Engineer: 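Before I ask anything, let me first share the structure, which is written out below as structure tokens.
Position 1 is the first residue of the sequence, and the numbers go up from there.
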Amino acid sequence: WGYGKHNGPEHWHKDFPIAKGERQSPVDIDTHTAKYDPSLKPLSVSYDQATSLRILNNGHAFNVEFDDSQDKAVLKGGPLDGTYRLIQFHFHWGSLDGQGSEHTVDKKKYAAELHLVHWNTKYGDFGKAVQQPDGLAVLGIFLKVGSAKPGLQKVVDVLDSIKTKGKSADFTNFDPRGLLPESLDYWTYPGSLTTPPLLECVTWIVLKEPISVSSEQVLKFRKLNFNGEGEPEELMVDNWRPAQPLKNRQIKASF
Ligand SMILES: [Zn+2]
């Protein structure tokens, strides 16, 4: 699978029939239809002990991986019951600044979207957690092109070293607090992984406030390659799934 005309999102259902399921992601967030939910408990992003390990080009994005062998960086509160551990983050982005996000807001596409992936510790490991409807919590943060994000530049500066599929580099001591906007106001809905295997195991938490990154920062994302070393060059751009039917779901606002 991939994002090309021959292997992209419109093909995924043949190998992953859940692609046409009842709780697929991403979705369009209609700001007028989302309802404030006063019952949402406060959201808790506890990243002060986060331990990053490595950055990897997996052929569809780059992932920054964390040590999740104890409760260091965790997400709690909001719509969540219990404790979700940070395991990785990655982005989705466009070939052009007018596209790249997976979620949309009143059909507005952002230049990119950050996904901070967490798993429910009650299931003991990530592989078990993805088999549960409440297994994962993904924090989604929109990127718009404007002012540079200083907390992103350490990621930007290592991308030259992982240009092609299967390349990795040590990425210790990275603080994911520097990727957050000021406000933690969010929307939330039940959904899925946005890449195969498209498992319906995600509580999505999408922040309303985007972060600003510079044109030069997102230009460097678009210099990555989908391909392996020594294969024909395919720029890693437009690695986003389009919005999926909402079906029988309600998007809740924290604000
Ligand atoms: Zn993602």
Engineer: Would you check, one step at a time, whether the test side-chain contact (heavy atoms from CB on, under 4.5 Å) holds for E102 with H115?
Structural biologist: CA-CA 10 Å; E102 295 210 303; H115 289 163; 3.1 Å; yes

Engineer: Working note: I18 + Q24, criterion side-chain contact (heavy atoms from CB on, under 4.5 Å); need CA distance, chi angles, decisive distance, verdict.
Structural biologist: CA-CA 8 Å; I18 203 170; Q24 292 287 295; 4.0 Å; yes

Engineer: Going only through I, L, V, M, F, W and Y residues with side-chain contacts under 4.5 Å, is there a path from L75 to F174?
Structural biologist: yes

Engineer: For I141 and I211, work out which heavy atoms get closest and say how close.
Structural biologist: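 So the two residues come closest at CG2-CG2, 4.0 Å.
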
Engineer: Testing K165, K163, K167 for salt bridge (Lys or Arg N to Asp or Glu O under 4.0 Å) with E229, which one passes?
Structural biologist: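 Running salt bridge (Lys or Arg N to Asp or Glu O under 4.0 Å) over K165, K163, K167 with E229 returns exactly one hit, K167.
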
Engineer: Should we count NZ of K107 as having more than 12 external heavy atoms under 6.0 Å?
Structural biologist: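 Check fails, neighbour count at 12 or below.
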
Engineer: Does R241 come within less than 4.0 Å of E10, counting only side-chain N to carboxylate O?
Structural biologist: no

Engineer: Does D160 CG have over 12 foreign heavy atoms under 6.0 Å away?
Structural biologist: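 At most 12 heavy atoms, drawn from other residues, nucleotides or ligands, come within 6.0 Å of this atom.
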
Engineer: List the steps and the verdict of side-chain contact (heavy atoms from CB on, under 4.5 Å) for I251 and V27.
Structural biologist: CA-CA 10 Å; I251 305 183; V27 302; 3.9 Å; yes

Engineer: Under a 4.5 Å cut-off applied to non-hydrogen side-chain atoms, are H11 and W1 in contact?
Structural biologist: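 No, side chains not in contact.
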
Engineer: Within the supplied structure, the quantity of interest is the number of heavy atoms (other residues, nucleotides, ligands) at a distance under 6.0 Å from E233 CD; does it exceed 12?
Structural biologist: yes

Engineer: Between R54 and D170, does at least one N-O distance fall below 4.0 Å, as a salt bridge requires?
Structural biologist: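 Salt bridge absent between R54 and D170.
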
Engineer: Are any side-chain N or O atoms of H118 and backbone N or O atoms of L116, one a donor and one an acceptor, separated by less than 3.5 Å?
Structural biologist: yes

Engineer: Begin from the C-alpha positions of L207 and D185 and carry the test side-chain contact (heavy atoms from CB on, under 4.5 Å) through to its verdict.
Structural biologist: CA-CA 6 Å; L207 294 194; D185 290 345; over 6 Å; no

Engineer: Report the C-alpha distance between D106 and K108 in whole Å, list the side-chain angles of each, state the deciding distance to 0.1 Å, and finish with yes or no for salt bridge (charged side-chain N to carboxylate O under 4.0 Å, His left out).
Structural biologist: CA-CA 6 Å; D106 300 327; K108 177 188 174 70; over 6 Å; no

Engineer: If you take all heavy atoms of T195 and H60, which pair is closest and at what distance?
Structural biologist: CG2-ND1, 4.5 Å

Engineer: Report yes if the side chains of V138 and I205 come closer than 4.5 Å at any heavy-atom pair, otherwise no.
Structural biologist: no

Engineer: Could you check whether any side-chain N or O of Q131 sits under 3.5 Å from a backbone N or O of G127, counting only pairs where one atom can act as donor and the other as acceptor?
Structural biologist: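 Checked: pair present.
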
Engineer: Would you check if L159 and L224 make a side-chain contact, meaning some heavy-atom pair closer than 4.5 Å?
Structural biologist: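 Yes. Closest side-chain heavy atoms under 4.5 Å.
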
Engineer: Going by heavy atoms in the side chains, are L86 and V74 under 4.5 Å from each other?
Structural biologist: no

Engineer: If only side-chain N and O atoms count, and only distance matters, is there a donor-acceptor pair under 3.5 Å linking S25 with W204?
Structural biologist: yes

Engineer: Just by modelled atom types, is the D30 backbone N or O under 3.5 Å from a matching donor or acceptor in the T33 side chain?
Structural biologist: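 Between the backbone of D30 and the side chain of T33 there is no qualifying donor-acceptor contact (under 3.5 Å).
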
Engineer: Quick one: are the ring centres of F221 and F91 less than 6.0 Å apart?
Structural biologist: yes

Engineer: Taking atom CD of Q49 as the centre, does the number of heavy atoms from other residues, nucleotides or ligands within less than 6.0 Å exceed 12?
Structural biologist: no

Engineer: Assess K252 against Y189: is NZ or CZ under 6.0 Å from the centre of the six-membered ring, and within 45 degrees of the ring's axis?
Structural biologist: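 No; the conditions do not both hold, so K252 does not lie above the ring face of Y189.
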
Engineer: Between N227 and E234, do the side chains contain an N or O donor and an N or O acceptor separated by less than 3.5 Å?
Structural biologist: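 Note: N227 and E234 side chains miss the donor-acceptor criterion.
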
Engineer: Does the pair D97/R222 count as a salt bridge with the N-to-O cut at 4.0 Å?
Structural biologist: yes

Engineer: Tell me yes or no: between the side chains of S39 and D37, is some donor less than 3.5 Å from an acceptor?
Structural biologist: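 Result is yes, a qualifying pair exists.
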
Engineer: Side chain of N120, backbone of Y123: donor and acceptor closer than 3.5 Å?
Structural biologist: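 Checked: no pair found.
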
Engineer: Between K223 (side chain only) and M236 (backbone N and O only), is there a donor and an acceptor less than 3.5 Å apart?
Structural biologist: no

Engineer: Is there a continuous path of hydrophobic side-chain contacts, each under 4.5 Å between heavy atoms, that joins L56 to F62?
Structural biologist: no

Engineer: For the residue pair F226 and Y3, establish whether any side-chain heavy-atom pair is separated by less than 4.5 Å.
Structural biologist: yes

Engineer: Answer yes or no: are there more than 12 heavy-atom neighbours, outside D81 itself, under 6.0 Å from its atom CG?
Structural biologist: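 No, the 6.0 Å shell around CG holds no more than 12 heavy atoms from other groups.
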
Engineer: Taking atom CD of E231 as the centre, report whether more than 12 heavy atoms of other residues, nucleotides or ligands fall under 6.0 Å from it.
Structural biologist: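 Yes.
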
Engineer: For the side chain of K72 and the backbone of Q70, is there at least one donor-acceptor N/O pair under 3.5 Å apart?
Structural biologist: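 Such a contact is found between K72 side chain and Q70 backbone.
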
Engineer: In this structure, which one of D68, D67, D71 forms a side chain to side chain donor-acceptor pair (under 3.5 Å) with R85?
Structural biologist: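 Between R85 and the candidates, side chain to side chain donor-acceptor pair (under 3.5 Å) is satisfied uniquely by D71.
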
Engineer: Between the side chain of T203 and the main-chain N/O of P190, is any donor-acceptor distance below 3.5 Å?
Structural biologist: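 Between the backbone of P190 and the side chain of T203 there is no qualifying donor-acceptor contact (under 3.5 Å).
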
Engineer: Would you say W93's side chain and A61's backbone share a donor-acceptor pair under 3.5 angstrom?
Structural biologist: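 Here the side-chain-to-backbone pair does not exist.
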
Engineer: Any chance the side chains of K144 and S212 put a donor and an acceptor closer than 3.5 Å?
Structural biologist: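 Their side chains do contain a donor-acceptor pair, which is all the 3.5 Å distance test asks for.
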
Engineer: Please check if the side chain of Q244 supplies one atom and the backbone of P242 the other of a donor-acceptor pair under 3.5 Å.
Structural biologist: yes

Engineer: Find out whether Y110 and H103 are in side-chain contact, i.e. whether some heavy atom of one side chain is under 4.5 Å from a heavy atom of the other.
Structural biologist: no

